[PDB]
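Read through the structure below, which is laid out as structure tokens, and then see the notes.
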Amino acid sequence: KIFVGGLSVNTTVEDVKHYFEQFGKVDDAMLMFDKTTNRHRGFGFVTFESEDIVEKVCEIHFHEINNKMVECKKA
């Protein structure tokens with residue numbers, strides 16, 4: 001599975017899941033938002049047997065999630 005952080009607020013798994021889904025089967029695409037107002041950050045946990053995508057999408061750092069440069073890494 002891969003990992004992600006920076007998931008702004010209003011952001012929801014449906015966001016990463018649909019995002020990396022086009023990047024890798026992403027059979028699962030979870031997301032962790034900060035507690036109550038802990039929207040300042042948030043790390044999600046996706047997973048697409050397509051490591052190839054996790055290979056690159058995991059490097060870089062400024063990803064585009066719905067509207068955030070969040071960072072992605074092949075967890």
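Order determines the names: the first chain of the structure tokens is A, the second B, and so forth; residues in each chain are numbered 1 upward, and ligands are numbered 1 upward as they are shown.
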
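Residues in contact range of residue 34 in chain A, defined as at most 9 Å between only C-alpha atoms, with sequence neighbours fewer than 6 positions away removed, read residues 9, 40, 41, 42 and 43 of chain A.
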
What does the file look like for those residues with N, CA and C atoms, as a short mmCIF file (atom, residue, chain, number, x, y, z; two decimals), in the first residue's frame?
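Okay, this is what ended up in out-v7.cif:
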```
data_model
loop_
_atom_site.label_atom_id
_atom_site.label_comp_id
_atom_site.auth_asym_id
_atom_site.auth_seq_id
_atom_site.Cartn_x
_atom_site.Cartn_y
_atom_site.Cartn_z
N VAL A 9 -8.29 19.88 4.28
CA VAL A 9 -9.61 19.52 4.87
C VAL A 9 -10.60 19.15 3.76
N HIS A 40 -5.29 20.83 9.71
CA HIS A 40 -3.98 21.38 9.26
C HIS A 40 -3.18 20.33 8.49
N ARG A 41 -3.33 19.08 8.85
CA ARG A 41 -2.56 18.02 8.14
C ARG A 41 -3.45 16.80 7.88
N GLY A 42 -2.88 15.63 7.88
CA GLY A 42 -3.69 14.41 7.63
C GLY A 42 -2.92 13.45 6.72
N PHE A 43 -2.79 12.22 7.11
CA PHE A 43 -2.06 11.23 6.27
C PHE A 43 -3.01 10.10 5.87
#
```

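Selecting helix (DSSP H, G or I) from the backbone DSSP output for chain A yields residues 13, 14, 15, 16, 17, 18, 19, 20, 21, 51, 52, 53, 54, 55, 56 and 57 of chain A.
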
Legend entry - Selection: 10 Å around residue 48 in chain A, only C-alpha atoms, excl. self and same-chain fewer than 2 positions, as a PyMOL selection string: chain A and resi 1-2+17+20-29+46+50-54+74

Could the residues in this selection be saved with N, CA and C atoms as a short mmCIF file (atom, residue, chain, number, x, y, z; two decimals), in the first residue's frame?
```
data_model
loop_
_atom_site.label_atom_id
_atom_site.label_comp_id
_atom_site.auth_asym_id
_atom_site.auth_seq_id
_atom_site.Cartn_x
_atom_site.Cartn_y
_atom_site.Cartn_z
N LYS A 1 0.85 -1.22 0.00
CA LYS A 1 0.00 0.00 0.00
C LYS A 1 0.88 1.26 0.00
N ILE A 2 0.34 2.37 -0.42
CA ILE A 2 1.16 3.62 -0.44
C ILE A 2 0.74 4.55 0.71
N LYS A 17 -8.49 7.93 -3.13
CA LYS A 17 -8.89 6.67 -3.83
C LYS A 17 -9.11 6.95 -5.32
N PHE A 20 -5.31 8.16 -6.87
CA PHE A 20 -4.35 7.08 -7.23
C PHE A 20 -5.07 5.95 -7.96
N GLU A 21 -6.37 5.90 -7.89
CA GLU A 21 -7.09 4.82 -8.62
C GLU A 21 -6.67 4.90 -10.08
N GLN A 22 -6.54 6.09 -10.57
CA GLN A 22 -6.10 6.27 -11.98
C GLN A 22 -4.60 6.02 -12.03
N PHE A 23 -4.00 5.99 -10.87
CA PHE A 23 -2.53 5.74 -10.78
C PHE A 23 -2.27 4.25 -10.56
N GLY A 24 -3.16 3.59 -9.86
CA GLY A 24 -2.96 2.14 -9.59
C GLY A 24 -4.28 1.52 -9.12
N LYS A 25 -4.66 0.41 -9.69
CA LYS A 25 -5.93 -0.25 -9.28
C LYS A 25 -6.43 0.33 -7.95
N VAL A 26 -5.53 0.73 -7.09
CA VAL A 26 -5.95 1.28 -5.77
C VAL A 26 -7.20 0.56 -5.25
N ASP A 27 -7.08 -0.70 -4.94
CA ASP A 27 -8.25 -1.43 -4.40
C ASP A 27 -8.69 -0.78 -3.10
N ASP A 28 -7.76 -0.16 -2.43
CA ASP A 28 -8.08 0.52 -1.15
C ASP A 28 -7.42 1.90 -1.12
N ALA A 29 -8.14 2.90 -0.68
CA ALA A 29 -7.57 4.27 -0.61
C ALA A 29 -8.10 4.98 0.63
N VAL A 46 -3.27 4.44 0.96
CA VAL A 46 -3.90 3.81 -0.23
C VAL A 46 -3.15 2.53 -0.59
N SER A 50 -0.09 -1.67 -8.51
CA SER A 50 0.74 -0.99 -9.55
C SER A 50 1.91 -0.25 -8.89
N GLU A 51 2.89 -0.98 -8.41
CA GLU A 51 4.05 -0.31 -7.76
C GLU A 51 4.65 0.71 -8.73
N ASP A 52 4.73 0.36 -9.98
CA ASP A 52 5.30 1.31 -10.97
C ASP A 52 4.84 2.72 -10.63
N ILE A 53 3.56 2.90 -10.49
CA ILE A 53 3.03 4.24 -10.13
C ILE A 53 3.53 4.62 -8.74
N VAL A 54 3.46 3.71 -7.81
CA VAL A 54 3.95 4.03 -6.44
C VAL A 54 5.44 4.35 -6.52
N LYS A 74 5.53 5.77 -1.71
CA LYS A 74 5.13 4.33 -1.77
C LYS A 74 5.26 3.69 -0.39
#
```

Inset, instruction - Tell me, in Å to one decimal, how far CA of residue 37 in chain A is from CA of residue 75 in chain A. - result: 25.6 Å

Legend entry - Long-range neighbours of residue 66 in chain A as an MDAnalysis selection string, 9 Å cut-off, only C-alpha atoms, 5 positions minimum in chain: chainID A and resid 8 11 15:16 19

Only N, CA and C atoms, please: the residues just picked out, written as a PDB file, in the first residue's frame.
```pdb
ATOM      1  N   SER A   8      -5.386  18.219   2.768  1.00  0.00           N
ATOM      2  CA  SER A   8      -6.104  19.391   3.345  1.00  0.00           C
ATOM      3  C   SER A   8      -7.440  18.947   3.948  1.00  0.00           C
ATOM      4  N   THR A  11     -11.167  17.463   2.249  1.00  0.00           N
ATOM      5  CA  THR A  11     -10.648  16.301   1.474  1.00  0.00           C
ATOM      6  C   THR A  11     -11.181  14.992   2.066  1.00  0.00           C
ATOM      7  N   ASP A  15     -11.320  11.116  -2.409  1.00  0.00           N
ATOM      8  CA  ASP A  15     -10.383  12.006  -3.149  1.00  0.00           C
ATOM      9  C   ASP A  15      -9.113  11.239  -3.519  1.00  0.00           C
ATOM     10  N   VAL A  16      -8.428  10.700  -2.546  1.00  0.00           N
ATOM     11  CA  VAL A  16      -7.182   9.938  -2.850  1.00  0.00           C
ATOM     12  C   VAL A  16      -7.530   8.660  -3.611  1.00  0.00           C
ATOM     13  N   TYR A  19      -8.086   9.405  -6.880  1.00  0.00           N
ATOM     14  CA  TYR A  19      -6.822   9.988  -7.413  1.00  0.00           C
ATOM     15  C   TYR A  19      -5.854   8.876  -7.824  1.00  0.00           C
TER      16      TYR A  19
END
```

Inset, instruction - Show which residues sit within 6 Å of residue 44 in chain A, as number ranges by chain. Count only C-alpha atoms, and ignore same-chain residues fewer than 2 positions away. - result: A: 3-4, 30-32

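Computed from the coordinates, the CA of residue 35 in chain A to CA of residue 60 in chain A distance equals 27.1 Å.
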
Inset, instruction - Within chain A, find each residue whose DSSP state, derived from the backbone, is strand (DSSP E or B), and express the selection as a ChimeraX atom specification. - result: /A:2-5,28-29,33,42-47,71-73
